[PDB]
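Participant: Sequence and experimental coordinates follow.
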Amino acid sequence: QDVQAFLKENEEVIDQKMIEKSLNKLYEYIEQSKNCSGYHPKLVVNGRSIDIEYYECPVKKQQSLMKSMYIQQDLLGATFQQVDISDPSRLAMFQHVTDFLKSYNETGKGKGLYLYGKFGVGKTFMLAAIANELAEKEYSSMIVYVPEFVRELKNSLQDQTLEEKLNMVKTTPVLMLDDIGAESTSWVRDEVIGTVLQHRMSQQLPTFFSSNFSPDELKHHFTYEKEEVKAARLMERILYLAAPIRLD
Amino acid sequence: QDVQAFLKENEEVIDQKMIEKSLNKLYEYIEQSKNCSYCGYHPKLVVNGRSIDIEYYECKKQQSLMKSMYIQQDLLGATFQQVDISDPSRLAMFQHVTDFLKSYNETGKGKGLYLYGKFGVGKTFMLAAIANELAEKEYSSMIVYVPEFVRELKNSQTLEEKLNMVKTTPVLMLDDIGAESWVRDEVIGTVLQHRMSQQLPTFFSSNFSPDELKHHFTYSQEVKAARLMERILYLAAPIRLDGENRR
């Protein structure tokens, strides 16, 4: 009922066929729960690929703490009593929130989580849930938006410009990284947002890590011998700051 | 003329070119001919993908448009009158038969029904209420026991001539589904995928409420588990059947 509308809206742009190529996507789309009403997902055409951007809900004392860059403040507001649990493993999370603030101090160490799904499975309400309570106190879990962050963190690592806004992805007691896999020079893997993984298990910090998809399969994604038994160990460099749980 | 009726039914799916491609089918469809004789099926149009195909549905003068195998027909004492507008059941069960009795045959777009609730009420007295008085509107309907067919295709030489006649005729009333790796998806779970480009209704009866029927098909550890139950929530209208002990 939405796809039809979008299709004809951009049918001048959206080359044809593909259905069979994106079969997996469209089938996974219908198979899942999907749906939604601080933001909403909308499709956008970026070059030759179609992405999913969040626009603030038109329906629009923690946000002096909960200020995240490269995403807006209309769409950061979800709690834990705002709870109508319908799908499974959204239930298997009632000891990874209340007990994910009682011992996540400053250099507490261990294993958080690895959120995933497709492109909008109430992720911005669980990365907005679990965290709030940490910052409801003087504890830690920074919000950050990677697909928007990096867009100039290739060409802003310069003359103090963003140089000085970009050492705090390494030193805040905790910090999250969002829907990477969106786009991507390969230096940022080990210079901008791969510099989040070595300086956080060397002094060790209880950091959150999210994504469009999962670490166990984010190990073979980018091959547009090398990164196969070599693309797995960044999902390993990921695997130790957190303990993975389902999002069915 | 048959093509016109089917088109409006599947006009959301069919395109102008689809019409000219399936011309032979739609033209063969018409020819007036109401049907066959005996001595068993009738031709109906069923768009496959980008092509429209022709599938055969199986065929004191009312219950003849209402034959049955595997169950009984003495039970057909389950009609419109003595069964009264009683519960959330029959405050909406005869209506979604009669609002439809004015739009019968294959023309405009369509659905079926679904039957559930709890003990004692009915699933076999309301699929016999979209039936015998449908032997009054030029188009016949069906009464067949789905579970009575689930113990002979494990133990059954041409059995690829049987399932192309009991699924693409004017009406489907796939009975009770909710008891006891499932061939159900070839036997009962592929009684839907040709009812798309051929436009064919799927009435069902069952055992569980509308938040419960997607979990009776195999257990392990889903992305594939509810394929049918989405296609068995669209081509119909489900209502709350709960009244007195009439079973």
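Facilitator: Looks like it came in fine. Numbers count the residues shown, from 1 in each chain, chains lettered A, B, ... in the order given.
Participant: Mind listing residues that contact stretch A:35-46?
Facilitator: Counting contacts by C-beta atoms under 8 Å, 6 or more residues apart in numbering or on different chains, the residues outside stretch A:35-46 that touch it are A:6, A:10, A:13-14, A:50-57, A:59-60, A:71-78, A:119-120, A:122, A:124, A:128, A:183. Just so you know, the C-beta spots here come from the backbone N, C-alpha and C atoms, and that holds for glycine as well.
Participant: 6 Å instead, please
Facilitator: Counting by C-beta atoms under 6 Å, 6 or more residues apart in numbering or on different chains, the neighbours of stretch A:35-46 from elsewhere in the structure are A:13, A:50-57, A:74-77, A:120.
Participant: Looking at the residues you listed, state which has the most neighbours.
Facilitator: Neighbours here are counted as other C-beta atoms under 10 Å in any protein chain shown. On that basis the top member of these is residue A:76, with 22 neighbours.
Participant: and it, what does it touch?
Facilitator: Taking C-beta under 6 Å, 6+ apart as the contact definition, residue A:76 lies against A:38, A:66, A:128.
Participant: who touches the nearest residue to the last one once chain neighbours are set aside in this structure?
Facilitator: What it means is residue A:128. The shortest distance from residue A:128 to any residue other than its chain neighbours is 4.2 Å, reached at residue A:78 (C-beta to C-beta, 6 or more residues apart in numbering or on different chains). Taking C-beta under 6 Å, 6+ apart, we find residue A:78 in contact with A:125, A:128-129.
Participant: Could you rerun that using 10 Å?
Facilitator: With contacts taken as C-beta atoms under 10 Å, 6 or more residues apart in numbering or on different chains, residue A:78 has the following neighbours: A:38, A:122, A:124-132.
Participant: and if you look at residue A:139?
Facilitator: So, once contact is read as C-beta under 10 Å, 6+ apart, residue A:139 ends up touching A:100-106, A:108, A:131, A:133, A:173-174, A:206.
Participant: Out of the contacts of residue A:78, give me the two with the largest separation.
Facilitator: Checked with C-beta to C-beta, these reach their widest spread between A:38 and A:130, with 16.0 Å between them.
Participant: Those two - which one has more neighbours?
Facilitator: Set side by side, residue A:38 and residue A:130 show unequal neighbour counts under other C-beta under 10 Å, the larger going to residue A:130 at 23 against 19.
Participant: Residue A:212: neighbour count?
Facilitator: For residue A:212, the number of neighbouring residues by other C-beta under 10 Å comes to 21.
Participant: Need the max-distance pair from the contacts of stretch A:35-46.
Facilitator: Pairwise distances among the contacts of stretch A:35-46 were taken by C-beta to C-beta; the largest, 33.6 Å, belongs to A:13 and A:77.
Participant: so residue A:135 touches residue A:172, yeah?
Facilitator: No. With contact taken as C-beta atoms under 10 Å, residue A:135 and residue A:172 are classed as non-touching, separated by 11.1 Å.
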